[PDB]
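So the structure is just underneath, and the comments pick up after that.
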Amino acid sequence: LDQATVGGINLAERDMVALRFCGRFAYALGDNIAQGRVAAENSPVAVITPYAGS
Amino acid sequence: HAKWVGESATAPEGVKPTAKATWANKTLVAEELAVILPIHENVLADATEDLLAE
């Protein structure tokens, strides 16, 4: 960018330029896998949490 | 005219000035000047010189 206004900075008026970085991403988890005739609730993920006591 | 500049993204000394050129108009206007020289036909005949040439 060499003419845009970004964050209130007028680039061309100030001899500035900017680099505009972006990417587009998505996420999905397949987490209630088939287990028989009856629909089941699961997760492929388990968590370990720190010792809370003192 | 040009100006000296800073580099600040936010302070008023980092901004390049705007400026004008300008034109104006002079004019020729045609004006007339003139004279009429009346003379009597007998005087013009009796003179020794061509008073119309004069």
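Simple scheme: letters A, B, ... for chains in structure tokens order, numbers from 1 for residues in each chain, numbers from 1 for ligands in the order shown.
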
Within 12 Å of chain A: residues of chain B, using only C-alpha atoms, as a PyMOL selection string: chain B and resi 5-18

List the neighbours of range 19-27 of chain A out to 12 Å using only C-alpha atoms; skip same-chain residues closer than 6 positions along the sequence, and give me the result as a PDB file with N, CA, C and O atoms, in the first residue's frame.
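Output saved as part.pdb:
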```
ATOM      1  N   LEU A   1       0.835  -1.195   0.000  1.00  0.00           N
ATOM      2  CA  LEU A   1       0.000   0.000   0.000  1.00  0.00           C
ATOM      3  C   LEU A   1       0.870   1.246   0.000  1.00  0.00           C
ATOM      4  O   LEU A   1       1.828   1.343   0.755  1.00  0.00           O
ATOM      5  N   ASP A   2       0.518   2.227  -0.812  1.00  0.00           N
ATOM      6  CA  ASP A   2       1.293   3.449  -1.003  1.00  0.00           C
ATOM      7  C   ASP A   2       0.426   4.697  -1.186  1.00  0.00           C
ATOM      8  O   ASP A   2       0.960   5.796  -1.273  1.00  0.00           O
ATOM      9  N   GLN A   3      -0.900   4.568  -1.205  1.00  0.00           N
ATOM     10  CA  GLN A   3      -1.843   5.685  -1.290  1.00  0.00           C
ATOM     11  C   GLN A   3      -2.969   5.621  -0.264  1.00  0.00           C
ATOM     12  O   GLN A   3      -3.608   6.635   0.002  1.00  0.00           O
ATOM     13  N   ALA A   4      -3.228   4.454   0.313  1.00  0.00           N
ATOM     14  CA  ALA A   4      -4.316   4.264   1.253  1.00  0.00           C
ATOM     15  C   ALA A   4      -4.161   5.109   2.518  1.00  0.00           C
ATOM     16  O   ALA A   4      -3.064   5.533   2.869  1.00  0.00           O
ATOM     17  N   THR A   5      -5.249   5.281   3.256  1.00  0.00           N
ATOM     18  CA  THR A   5      -5.206   5.739   4.642  1.00  0.00           C
ATOM     19  C   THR A   5      -5.371   4.528   5.540  1.00  0.00           C
ATOM     20  O   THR A   5      -6.343   3.792   5.399  1.00  0.00           O
ATOM     21  N   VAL A   6      -4.426   4.296   6.446  1.00  0.00           N
ATOM     22  CA  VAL A   6      -4.419   3.131   7.342  1.00  0.00           C
ATOM     23  C   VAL A   6      -4.172   3.592   8.770  1.00  0.00           C
ATOM     24  O   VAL A   6      -3.221   4.315   9.023  1.00  0.00           O
ATOM     25  N   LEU A  11      -0.906   7.577   3.678  1.00  0.00           N
ATOM     26  CA  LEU A  11       0.390   7.078   3.231  1.00  0.00           C
ATOM     27  C   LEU A  11       1.076   7.995   2.211  1.00  0.00           C
ATOM     28  O   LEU A  11       2.218   8.384   2.425  1.00  0.00           O
TER      29      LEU A  11
END
```

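Take CA of residue 17 in chain A and CA of residue 2 in chain B: the distance between them is 21.6 Å.
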
Contacts of residue 21 in chain B at 10 Å (only C-alpha atoms; same-chain gap of 2+ positions) as a ChimeraX atom specification: /B:1,19,23

Could the residues in this selection be written to a file with N, CA, C and O atoms, as a JSON list (two decimals), in the first residue's frame?
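Wrote part22.json, looks like this:
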```json
[["chain", "number", "residue", "atom", "x", "y", "z"],
["B", 1, "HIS", "N", 6.09, 26.82, -4.34],
["B", 1, "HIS", "CA", 7.34, 26.33, -3.75],
["B", 1, "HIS", "C", 7.43, 25.00, -2.97],
["B", 1, "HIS", "O", 6.48, 24.51, -2.37],
["B", 19, "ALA", "N", -0.12, 22.85, -2.88],
["B", 19, "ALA", "CA", 0.16, 24.15, -3.48],
["B", 19, "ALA", "C", -0.54, 24.38, -4.83],
["B", 19, "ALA", "O", -0.87, 23.43, -5.54],
["B", 23, "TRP", "N", -2.96, 31.23, -13.33],
["B", 23, "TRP", "CA", -2.83, 32.04, -14.53],
["B", 23, "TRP", "C", -3.75, 33.25, -14.49],
["B", 23, "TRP", "O", -4.75, 33.26, -13.78]]
```

Among chain A, which residues does DSSP mark as strand (DSSP E) when it is run on the backbone? Keep the chain and numbering as in the structure and answer as a compact mmCIF listing (two decimals) with N, CA, C and O atoms, in the first residue's frame.
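The resulting file, part09.txt, is reproduced below:
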```txt
# COMPACT_ATOMS: atom_id res chain seq x y z
N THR A 5 -5.25 5.28 3.26
CA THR A 5 -5.21 5.74 4.64
C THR A 5 -5.37 4.53 5.54
O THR A 5 -6.34 3.79 5.40
N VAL A 6 -4.43 4.30 6.45
CA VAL A 6 -4.42 3.13 7.34
C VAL A 6 -4.17 3.59 8.77
O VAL A 6 -3.22 4.32 9.02
N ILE A 9 -3.16 7.20 9.25
CA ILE A 9 -1.97 7.63 8.52
C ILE A 9 -2.32 7.75 7.04
O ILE A 9 -2.62 6.74 6.41
N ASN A 10 -2.23 8.93 6.44
CA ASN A 10 -2.34 9.10 4.99
C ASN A 10 -1.01 8.73 4.33
O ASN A 10 -0.06 9.50 4.40
```

Point-to-point distance in Å for CA of residue 42 in chain A and CA of residue 30 in chain A: 9.7 Å
